[PDB]
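This report concerns only the one structure given below.
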Amino acid sequence: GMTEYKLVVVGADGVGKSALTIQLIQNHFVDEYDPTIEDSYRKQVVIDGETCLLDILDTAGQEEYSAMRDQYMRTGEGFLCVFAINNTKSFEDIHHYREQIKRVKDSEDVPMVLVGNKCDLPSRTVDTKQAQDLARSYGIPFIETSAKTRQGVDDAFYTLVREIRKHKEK
Ligand SMILES: N#Cc1c(N)sc2c(F)ccc(-c3c(C(F)(F)F)cc4c(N5C[C@H]6CC[C@@H](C5)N6)nc(OC[C@@]56CCCN5C[C@H](F)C6)nc4c3F)c12
Ligand SMILES: Nc1nc2c(ncn2[C@@H]2O[C@H](COP(=O)(O)OP(=O)(O)O)[C@@H](O)[C@H]2O)c(=O)[nH]1
Ligand SMILES: [Mg+2]
């Protein structure tokens, strides 16, 4: 049998949620992917010897707080909270995404990873120290990624799976 892990990728428009997801799944950088499309993708992977199925929701569209949207998000087992290292506003939004996750999951202990994407770019407006401090304040890992080169991408998604696997053992 394969366990399926339901992962949700969230964060501001333009941070690279779609590029990270497509890079993970298909091993190619899709630049300029339609910002308005929300979809899910699956991949069979081996993580620490466990053959499992990732089901990844790449979020997009309108911010909305209906009971149905909350219930859909509540089915997520772990969340990648993504900002772009050259967009301070996307980093400032992270606290809001974490607050919504904690609210629908009714817990401060939700499997989560803070992802600083676009690390292939030389110009970084978000301080690495500030991002590490924010992740420490939430008790979650911080991983830098590039959806273009694939640097850190497997680590971000596999770390989130490891967190879900551990959470299910509590
Ligand atoms: N909804 C909703 C949610 C539930 N009902 S539950 C639940 C959860 F558990 C986790 C995450 C979310 C979630 C999502 C979801 F993941 F659902 F797609 C999309 C958001 C979204 N999108 C709109 C745009 C930007 C990215 C993409 C999706 N297109 N934007 C914002 O905030 C945007 C800002 C700027 C303007 C005012 N707001 C408050 C802060 F200032 C930040 N939050 C979003 C969000 F929290 C939700
Ligand atoms: N250089 C660089 N550009 C990226 C990276 N990830 C995404 N982009 C670009 O950033 C823009 C937004 O990416 P997208 O995946 O659409 O972001 P989303 O709105 O969060 O889904 C696009 O023009 C991408 O090609 C990355 O790691 N490096
Ligand atoms: Mg997208």
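Here are the numbers:
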quantity: Qualifying positions in the stretch 45-79 - polar (S, T, N, Q), away from ligand 2 (no atom under 16 Å from the Cβ) and within 19 Å of the chain's Cα centre (by Cα); calculated: 71, 75
quantity: Boolean, residue 50 is out of contact with any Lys or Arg (no Cβ under 6 Å at 6 or more places or on another chain) and either within 19 Å of residue 81 (Cα to Cα) or near ligand 1 (Cβ under 9 Å from one of its atoms) (or both); calculated: no
quantity: Residue match in the stretch 39-56 (condition: surrounded by 14 or more Cβ atoms within 10 Å (Cβ to Cβ) and in a loop (DSSP other than H, G, I, E, B)); calculated: no
quantity: Sole residue being away from ligand 3 (no atom under 16 Å from the Cβ) and not small (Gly, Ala, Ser), chosen from 32, 63, 108; calculated: 108
quantity: Conditions (1) within 12 Å of ligand 1 (Cβ to nearest atom); (2) in contact (Cβ under 8 Å) with a residue 40 or more places away in the chain: number failed by residue 68; calculated: (2)
quantity: The stretch 80-134, residues that are near ligand 1 (Cβ under 9 Å from one of its atoms), over 15 Å from the mean Cα position of the chain (by Cα) and surrounded by 15 or more Cβ atoms within 10 Å (Cβ to Cβ); calculated: 104, 105
quantity: Lone unmet requirement of (1) away from ligand 1 (no atom under 11 Å from the Cβ); (2) surrounded by 14 or more Cβ atoms within 10 Å (Cβ to Cβ); (3) without any contact (Cβ under 8 Å) to a residue 12 or more places away in the chain for residue 28; calculated: (2)
quantity: Residue in the stretch 2-14 that is surrounded by the most Cβ atoms within 10 Å (Cβ to Cβ), counting only those that are part of a loop (DSSP other than H, G, I, E, B) and more than 8 Å from ligand 1 (Cβ to nearest atom); calculated: 14
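Note: ideal-geometry Cβ built from the backbone for every residue, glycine included; neighbour counts use all protein chains shown. Rule-based calculations on the coordinates, nothing more; no lab input.
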